[PDB]
Structure formats: structure tokens, C-alpha cells
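Novice: Quick one: structure below, then a few questions.
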Amino acid sequence: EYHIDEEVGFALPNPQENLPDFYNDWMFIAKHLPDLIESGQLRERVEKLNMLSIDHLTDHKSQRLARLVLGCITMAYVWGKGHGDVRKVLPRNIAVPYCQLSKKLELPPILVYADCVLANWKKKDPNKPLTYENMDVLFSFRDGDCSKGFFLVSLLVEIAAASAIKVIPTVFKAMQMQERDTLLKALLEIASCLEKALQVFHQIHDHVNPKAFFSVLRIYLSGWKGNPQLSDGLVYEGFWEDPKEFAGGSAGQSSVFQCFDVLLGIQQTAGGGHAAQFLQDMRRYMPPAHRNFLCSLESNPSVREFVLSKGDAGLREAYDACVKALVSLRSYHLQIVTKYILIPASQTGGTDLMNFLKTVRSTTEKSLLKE
Ligand code: HEM
Ligand SMILES: NS(=O)(=O)NCCNc1nonc1/C(=N/O)Nc1ccc(F)c(Br)c1
């Protein structure tokens, strides 16, 4: 019911690679975005389409692949070549089906993390394991944007977190059964798997270039909420009356970090600050099943209060290890932002952005029991 895989966690277990033949006009545009943008034929070829209906998309993986295809097409149409020439209105041939599809999956009509990472992958050899060399994305925007490296490294962090996520039922089951040793073991295991996820994060340096990321890829993943280039928003023609605002694709849209914040009693979304508000808004951009999972974790008894009541140095230490793993992940993530956003931007927007991430990191570090 929560749609969480044992192996790949929040990611889609094995994404559908082909659409039905009825939507071959969509798939051809999405498969050839690098050429169609560079040549300048994308906007024209989207302009002259047919309003294809949603009813032939039968199952969930088909509907998700359609969201990814239509999402990638919508980014490249709006942002064009990505040198400031923008379209303020999305044609009703593409906008109506995309909006009707998006209402069915309870997601906004914009490319989200669930599309371009969680559903945008495949294994080359099905009989080999989930490593970077054996994997590839389904869609990219331009040549030399490093879509593969960025989406797959994000995906591999989701996969690393799946080892911790599958232990969560043991944590709550151990608390109700009043089983101290099982709980201690489950927390050390979660801490161990979140420590492993940090090493997976290191691969970002191997497969993504700062200048390629900042110049090319960042422009296509940006949205139309609080954006000067579309201050009113994007007009979805033939569906909504006025231009609607929707935030761009981010890995703040991931459920991984929020999952373990809620599990460990770290009250990020508590208070009325910008950090709390941002993280609560990012839930709207997650699949409904994953929102329901985060709701379910909030509804359960507090792991934090359970551990604090027992006067047990082993349980406190194990709970701290989980918290420390999250702090370390966010601490490393700040370094990435310095390398991949701050330095390229230089060669108070940068200051506020780092203070956001540091507020979230500080809220995490405040939850430690020893310090
Ligand atoms: C080049 C790589 C990366 C850059 C430049 C980057 C940049 C950022 C920025 C600027 C934010 C602030 C929110 C926003 O304005 O959208 C953010 C938030 C976030 N990023 Fe990344 N990021 C990168 C890679 C990753 C990866 C691989 C993950 C893996 C899951 C990740 C997870 C997050 C999360 C969870 C947040 C939400 C804030 C939090 O919970 O601490 N990011 N990122
Ligand atoms: N204008 S801004 O400050 O750069 N805001 C956007 C920042 N976030 C990002 N920009 O570019 N990738 C980002 C990001 N950060 O965690 N994660 C991310 C990871 C995988 C994806 F498929 C997508 Br889509 C986003």
C-alpha cells in the first residue's frame, strides 16, 4: 500500500521502458530532446501535435512513464535552448492530457523527483546488480548536461536507503512487544545503512561536472514558483484559466531524508519558519503512497521518547548513530552545494540557500542525546 520496494526503496522497482503505440508521437519527441532543442525544431514539433487521450494508459508504470515523457517535454518546451528565451504558455495538445494524467496520480503537472529519478532508469544487463556501470537513464535534456550521472547517483542513494527503510517495521514492532535487544539491533542496522549511503553520495564527483550541472541541467529542472522569468507562472492552455505556480524538480522532493527525520523524532516541519514550510510543501511533490507512508510514521509512537524513557546507554548510543548518519549526509550535501552551485555561480541568494540547509542540519544535530 505504501509502494516501498525492499531492494530499491522509494524508487519504482523496474520502470516501464516503452509506451503503447498510440503515444509514439510523444515518445519520439522525448527520446530526441538533445537534437530537437539544439536544432530548434522542438517547439514547432510540440506545437503541431494531436491531443491524445489518457484512457489507453492502463497500469501504473505506464502512467508514470507518461508523466516522465510529458514532464521532460514540458521542461524543454518552456526553457527551449536555455539561454533566456522562454514560452509563457503550454499548448493544449500537450497540457490537457498532462494535467489529466497528473490529477490521476495526485501530482503537480511539472517534472518531479518521482519522474526524473525514481521512474527514469533501467538496468543494461538484468542479471547483474544495481551499480552505476550496469545502469542508465531513459531520458535526458541535452548532450553534456550530465543527466545520467546526476539522476542515477540520486537513485543509488535511494537504493542505499532501502536497506534502512525495510528495518522500520522491526523498530515499531520491537517497541510494542517491549523487546529492547531487537530495537537496539534495528537502530544500529539503520545507522549502518545510512553510513553506507554516505559513501554512495561520493560518486557524485565521479559522474557530474559542476559547470555542466549549473549551466545546462539546473535550467531544465527549475520550475515556475518564485521565478522572475515566469513571475505569474505557466499557463496550462485548455485546462486552467490563469497561470499556476509549481516548484521545480529537486531531491528535496525525496522521501528518504524526511522518512528518517520523522522516524527519529526530528521536528523539521514543526514551527512556522521557511525551512519547516519548504519541507512540508515538498510532500505535495511526492507520490500519494509516499505521503501516506510519512503520515503513517508520524501516527506511530515516538522512537525518541521510547529511547529516552529507558535509561539505557546502548539504546541512546544507537539512536545517536542514526542521527549522526543524517547529520553527516547533510554535512556532505552542503559540500556538494558549495562545489556544484556556489562556486559555478561566482564564476544574498547563495547565503540564504546555505542558511536554509544549515538550519535543517542544525535541527538534526540538536536531536543528539549525548551532545
Ligand atoms: C550536484 C548535486 C546537488 C546539488 C547542487 C543539490 C542542491 C540542493 C539545494 C540547493 C537544495 C535546497 C532546496 C532547493 O532549493 O531546491 C537541496 C536540498 C536537498 N537535496 Fe540536494 N543537491 C544535490 C544532490 C543531492 C542528492 C544526490 C541528494 C540525494 C538524496 C540530495 C538531497 C537533497 C534533500 C533531501 C534536500 C532537502 C533539504 C534537506 O532535507 O536537507 N541532493 N539540494
Ligand atoms: N534555483 S536553485 O537554487 O538551483 N533550486 C533548485 C536546486 N535543486 C536542484 N537543482 O538541480 N538539481 C537539484 C537537486 N537538489 O537536491 N536535486 C535533484 C536530484 C535529482 C533530480 F532528478 C532532480 Br529534478 C533534482
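Novice: Residue check: is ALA275 over 20 Å from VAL86 (Cβ atoms) and within 14 Å of ligand 1 (Cβ to nearest atom)? Even if it seems obvious, please write down each step before you answer.
Specialist: Details: over 20 Å from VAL86 (Cβ atoms): yes; within 14 Å of ligand 1 (Cβ to nearest atom): yes.
Taking the combined requirement at face value, the residue satisfies it.
Novice: Now for a different question. Tell me, which residue of region 101-139 that is among the small types (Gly, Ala, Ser) and within 16 Å of ligand 1 (Cβ to nearest atom) is farthest from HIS32 (Cα to Cα)?
Specialist: Just the residues of region 101-139 that are among the small types (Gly, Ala, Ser), to begin with: 102, 114, 119.
Okay, now just the ones that are also within 16 Å of ligand 1 (Cβ to nearest atom), so 114, 119.
Working: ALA114: 21, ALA119: 18 Å.
Among those residues, the one meeting the criterion is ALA114.
Novice: Among the listed residues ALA321, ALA276, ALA270, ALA313, identify the single one that is crowded, with 16+ Cβ neighbours inside 10 Å, hydrophobic (A, V, I, L, M, F, W, C) and out of contact with any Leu (no Cβ under 8 Å at 6 or more places or on another chain). It would help to see each step written out before you state the result.
Specialist: Numbers: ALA321 fails: out of contact with any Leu (no Cβ under 8 Å at 6 or more places or on another chain); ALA270 fails: crowded, with 16+ Cβ neighbours inside 10 Å; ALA313 fails: crowded, with 16+ Cβ neighbours inside 10 Å.
Answer to the selection: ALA276.
Yes or no, residue by residue, for (1) surrounded by fewer than 23 Cβ atoms within 10 Å (Cβ to Cβ); (2) in the same structural domain as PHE201 (by CATH); (3) closer than 24 Å to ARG284 by Cβ; (4) in contact with a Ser or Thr (Cβ under 9 Å, 6 or more places away or on another chain):
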{"position": "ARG87", "(1), (2), (3), (4)": "yes, no, no, no"}
{"position": "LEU101", "(1), (2), (3), (4)": "yes, no, yes, no"}
{"position": "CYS116", "(1), (2), (3), (4)": "no, no, yes, yes"}
{"position": "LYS123", "(1), (2), (3), (4)": "yes, no, no, no"}
{"position": "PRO126", "(1), (2), (3), (4)": "yes, no, no, no"}
{"position": "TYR132", "(1), (2), (3), (4)": "yes, no, no, no"}
{"position": "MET135", "(1), (2), (3), (4)": "yes, no, no, no"}
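Novice: Do you know which of the residues in region 213-266 that are β-branched (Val, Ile, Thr) and over 17 Å from the mean Cα position of the chain (by Cα) is farthest from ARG283 (Cα to Cα)?
Specialist: Just the residues of region 213-266 that are β-branched (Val, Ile, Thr), to begin with: 216, 219, 235, 256, 262, 266.
Still in the running and over 17 Å from the mean Cα position of the chain (by Cα): 216, 235, 262, 266.
Working: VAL216: 26, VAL235: 23, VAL262: 13, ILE266: 16 Å.
For region 213-266, the residue satisfying everything is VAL216.
Novice: Residue under question is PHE139, and the condition is that it be within 18 Å of the chain's Cα centre (by Cα), in the same structural domain as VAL216 (by CATH) and of a type in the set (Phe, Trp, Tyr); does it hold? Spell out how you get there, then give the answer.
Specialist: Values: within 18 Å of the chain's Cα centre (by Cα): yes; in the same structural domain as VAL216 (by CATH): no; of a type in the set (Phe, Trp, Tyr): yes.
The answer is no for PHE139.
Novice: If you check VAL157, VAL153, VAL167, which single one turns out to be more than 16 Å from ligand 2 (Cβ to nearest atom), in contact with a helix residue (DSSP H, G or I) (Cβ under 8 Å, 6 or more places away or on another chain), assigned by CATH to the domain that holds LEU329 and among the β-branched types (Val, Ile, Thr)? It would help to see each step written out before you state the result.
Specialist: Values: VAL157 fails: more than 16 Å from ligand 2 (Cβ to nearest atom); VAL153 fails: more than 16 Å from ligand 2 (Cβ to nearest atom).
Result: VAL167 is the single residue among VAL157, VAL153, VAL167 that is more than 16 Å from ligand 2 (Cβ to nearest atom), in contact with a helix residue (DSSP H, G or I) (Cβ under 8 Å, 6 or more places away or on another chain), assigned by CATH to the domain that holds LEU329 and among the β-branched types (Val, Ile, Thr).
Novice: Name the residue that is surrounded by the most Cβ atoms within 10 Å (Cβ to Cβ), counting only residues in region 63-85 that are touching a strand residue (DSSP E or B) at 6+ places or on another chain (Cβ under 9 Å) and under 23 Å from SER53 (Cβ atoms). Please lay out each step first, then the result.
Specialist: Restricting attention to region 63-85, the residues satisfying the condition of being touching a strand residue (DSSP E or B) at 6+ places or on another chain (Cβ under 9 Å) are 74, 77-78.
Narrowing the set further to residues that are under 23 Å from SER53 (Cβ atoms) leaves 74, 77.
Values: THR74: 20, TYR77: 22.
Looking at the filtered set, the residue picked out is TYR77.
Novice: I need the full set of residues from region 99-150 which are in contact with a strand residue (DSSP E or B) (Cβ under 9 Å, 6 or more places away or on another chain), away from ligand 2 (no atom under 15 Å from the Cβ) and among the charged types (D, E, K, R), in order please.
Specialist: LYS122, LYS123, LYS124
Novice: So, in region 308-366, how many residues would count as being more than 9 Å from ligand 1 (Cβ to nearest atom), within 22 Å of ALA160 (Cα to Cα) and among the hydroxyl-bearing types (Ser, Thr, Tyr)?
Specialist: Within region 308-366, residues that are more than 9 Å from ligand 1 (Cβ to nearest atom), within 22 Å of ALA160 (Cα to Cα) and among the hydroxyl-bearing types (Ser, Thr, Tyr) number 4.
Novice: Among the residues of region 197-254, how many are more than 8 Å from ligand 2 (Cβ to nearest atom), farther than 21 Å from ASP85 by Cβ, surrounded by fewer than 20 Cβ atoms within 10 Å (Cβ to Cβ) and among the small types (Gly, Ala, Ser)?
Specialist: Total meeting the criteria: 1.
Novice: Sticking with this one: Residues of region 77-113 being assigned to a helix (DSSP H, G or I) and under 21 Å from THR58 (Cα atoms), which ones?
Specialist: Those that are assigned to a helix (DSSP H, G or I) and under 21 Å from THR58 (Cα atoms): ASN93, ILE94, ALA95, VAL96, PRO97, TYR98, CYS99, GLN100, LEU101, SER102, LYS103, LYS104.
Novice: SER62 is checked against (1) touching a helix residue (DSSP H, G or I) at 6+ places or on another chain (Cβ under 8 Å); (2) under 18 Å from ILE110 (Cα atoms) and fails just one. What number does that condition carry?
Specialist: Single failed check for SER62: (1).
Novice: Residues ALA164, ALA114: which one is within 30 Å of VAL307 (Cα to Cα) and touching a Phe, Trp or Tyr at 6+ places or on another chain (Cβ under 8 Å)?
Specialist: Working: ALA114 fails: within 30 Å of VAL307 (Cα to Cα).
Step by step, each of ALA164, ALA114 is checked, and only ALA164 is within 30 Å of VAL307 (Cα to Cα) and touching a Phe, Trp or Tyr at 6+ places or on another chain (Cβ under 8 Å).
Listed here are the residues, each with its yes/no results for (1) out of contact with any strand residue (DSSP E or B) (no Cβ under 9 Å at 6 or more places or on another chain); (2) within 14 Å of ligand 1 (Cβ to nearest atom); (3) assigned to a helix (DSSP H, G or I).
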| position | (1), (2), (3) |
| --- | --- |
| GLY238 | yes, no, no |
| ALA251 | yes, yes, no |
| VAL262 | yes, yes, yes |
| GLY265 | yes, no, no |
| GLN268 | yes, yes, no |
| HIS290 | yes, yes, yes |
| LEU294 | yes, yes, yes |
| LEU297 | yes, no, yes |
| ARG304 | yes, no, yes |
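Novice: Among the residues of region 226-236, write down those that are within 13 Å of ligand 1 (Cβ to nearest atom) and small (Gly, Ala, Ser).
Specialist: Taking region 226-236 and keeping what is within 13 Å of ligand 1 (Cβ to nearest atom), we get 226-227.
The answer is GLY226, and nothing else.
Numbers and lists here come from the model and the stated rules, or from a named source; no laboratory instrument gave them. With ideal geometry, Cβ positions are generated from the backbone for all residues, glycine too; neighbour counts draw on all protein chains shown.
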